[PDB]
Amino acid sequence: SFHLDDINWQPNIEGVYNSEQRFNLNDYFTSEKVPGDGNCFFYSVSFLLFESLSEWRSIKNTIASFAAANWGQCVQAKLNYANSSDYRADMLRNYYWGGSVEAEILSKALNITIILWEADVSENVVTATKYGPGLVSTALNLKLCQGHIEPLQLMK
């Protein structure tokens, strides 16, 4: 649109919002490069919270604590795993690929909003999914492109 914070988000009853808006990410966001291994979701979240990659494992620990105490709120994780114990053992391993399951949990665990912007190779939004009630400008904006996750920041 004209302002990212004026996008129209459509919630489902699970509290996940979707947006059909289609624009080019790089007209509104600066991208940042993180190393392209299987930890990139966690590198990206760490970059946006701390301006450093070094906190990526502790973000996993925060997710794990939420999954242990609040498994019934881990809606997407419950589709993929029989119990919180199985989930935590898998997610905590190196090169576990983060995605919507972790975005949903982290948004609740840290009281932040996380947006997964699925992009094609030319950086056009294909799907946008927002976890949490907040606005684009306050969210952790993640670009999902060609199997890798990179942090985005609002331009200027």
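Quick note: we count residues from 1 along the sequence shown, nothing fancier.
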13 to 21 versus 136 to 144 - which carries the larger mean C-alpha B factor in the record | 13 to 21
Using only the Cα atoms and their B-factors as the entry lists them, report which of 44 to 52 and 117 to 125 averages higher.
-> 117 to 125
Would you mind ranking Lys130 by its C-alpha B-factor against the rest of the chain and naming the third, lowest, middle or highest?
-> lowest
Select lowest, middle or highest to describe the third in which the CA B-factor of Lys33 falls within its chain in this entry.
-> highest
Modelled-residue ranking by C-alpha temperature factor, third containing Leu110 = lowest
State the tercile, meaning the lowest, middle or highest third, of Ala67 with respect to the CA B-factors recorded for its chain.
-> middle
In terms of the chain's CA B-factor thirds, is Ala103 lowest, middle or highest?
-> lowest
